[PDB]
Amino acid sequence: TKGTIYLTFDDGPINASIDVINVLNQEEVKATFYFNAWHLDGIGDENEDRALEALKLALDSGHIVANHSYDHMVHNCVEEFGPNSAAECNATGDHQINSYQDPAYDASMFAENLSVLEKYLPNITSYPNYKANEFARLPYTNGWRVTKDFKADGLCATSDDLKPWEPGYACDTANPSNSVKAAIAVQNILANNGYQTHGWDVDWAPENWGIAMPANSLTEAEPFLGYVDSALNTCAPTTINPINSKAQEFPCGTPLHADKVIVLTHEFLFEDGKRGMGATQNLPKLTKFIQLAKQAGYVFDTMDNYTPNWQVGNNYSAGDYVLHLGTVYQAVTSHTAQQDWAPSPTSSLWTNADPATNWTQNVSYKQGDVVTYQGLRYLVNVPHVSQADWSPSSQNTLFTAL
C-alpha cells in the first residue's frame, strides 16, 4: 500500500455528523471523531437537535469516539460561561485568543466530556470504539503526546492578543504566548493521566474563507488527494500553513509517523446552512476522495491503531512501538509475540514509553530526563531502565533532586 490515511473529524456530534457518517459507511471506511459533548446539551451553537442520534450512529457504525473536551475551551472566550457562550464567541471570532488560561480547569474539560457523554449514553463504555478516555486532541492546537520520544507543541497555536491575520501579529516560538504555555501544561496533565494526544498533517478546509459561502470552496477530491500525497513522509506539521497550525518541534522522521497522513476536518463543513452548501457540494467530495485514495493505494484507518496494538504472533523489531491496554511500550529486542509474554511493568521484552513525565516503572530513562515523583522533581544522571526498588529518592544516585 501507498500509505495510511487517518480521517479525523473535529467538533461534533452535530446533525451534520450523520450524513458524514453515512458517506463513510457507504464507502466502507472508519474514521475518528474528536467530540465536544456540549452539543448534546444543545449549547454549542450548531444544528444539534440530533446530536445524540449522531453519537449513537458513530458508535454503532464502528467509528472511534475520542476526546476534544466538553466545550472546546469556549469558557476561555467569554467572561462567564453559559448556554450563550458558543454564540458569543462566534460573534467575536475570538476562539484562538486566550484559549488556554488555567491548565487545571482546562484539562478538567476533558474529564467533563467523559461525564457528559456517559450521561447521555449510559452504556457508552460497552463500545470498544469508545476511546475518549485514552485519546485526545486539544482545541486549536497541533499538539502531540504519542511516546516518550514523540511529542510536539503548537508554539503559535493560540494568542494573548492578536489573530495571525491581524496587523501587528507576531509569534515568538522561543518566547511563546501565555495561552500556548497553558496548552502545553494541559497536554502534560493529560499525558500523565494516560492520554495520548495527536495533531494533524493536513487540514481539509475552505480554500477561501473570504467568500459569502466559504464551505463551497472546500478543496475538490482530486487536488486534496494531492495535498495528502505531498504530506506523506515530509514532516507536514512543521511546514503546514497557517502558522497557528504548526508543530514546530515535531520530530521529523519519527518511526510511528512514517507512511501515514492524519487529515483534520469538521463535519460542519459538510452541512447546507450558514457556512454554505456543504452537504450538497462537499459530501460528494468526501465520497470521491475516499474512492480516489483507495484506488491510489492508500488505506484508511482509525486513531486507535496509529500506534499499533500489541498482537500475538506478530514479529517485532527492537525499537518497535505498540499499545497495550492504553499504554505505549517499546520493544527491547527483536522477537515474535507470544500470548503469555505481554508488555507490562515487568516484561523483559518491552519498556514503557508513554509520553508521561511522572516517574514510571520499566521506562528506559536517558541522562537529562526530568521526572516527578511524590511531588518532587528529579533529573536522571545516567541511562537506566527504572524498576520498583530504583524509585527516586534523595539517596538514589541514579537521580539528582532538583
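We number the residues from 1 along the sequence you see.
The stretch with the higher mean CA B factor, choosing between 274-282 and 326-334, is 274-282.
As listed in the deposited structure, the average C-alpha B-factor of 358-366 and of 45-53 is greater for 45-53. Comparing the listed residues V312, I290, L264, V186, the entry records the largest Cα B-factor for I290.
Of the candidates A107, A91, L256, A247, it is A91 whose Cα B-factor is highest according to the PDB record. When the CA B factors of the chain's modelled residues are split into thirds, the value for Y120 lands in the middle one. Placement of the Cα temperature factor of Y140 within the chain: middle third of the modelled residues, per the deposited record. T400: CA B factor lies in the middle third for its chain, per the PDB record. Residue-level temperature factors show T346 in the lowest third of its chain, judged at the C-alpha atom. When the CA B factors of the chain's modelled residues are split into thirds, the value for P251 lands in the middle one.
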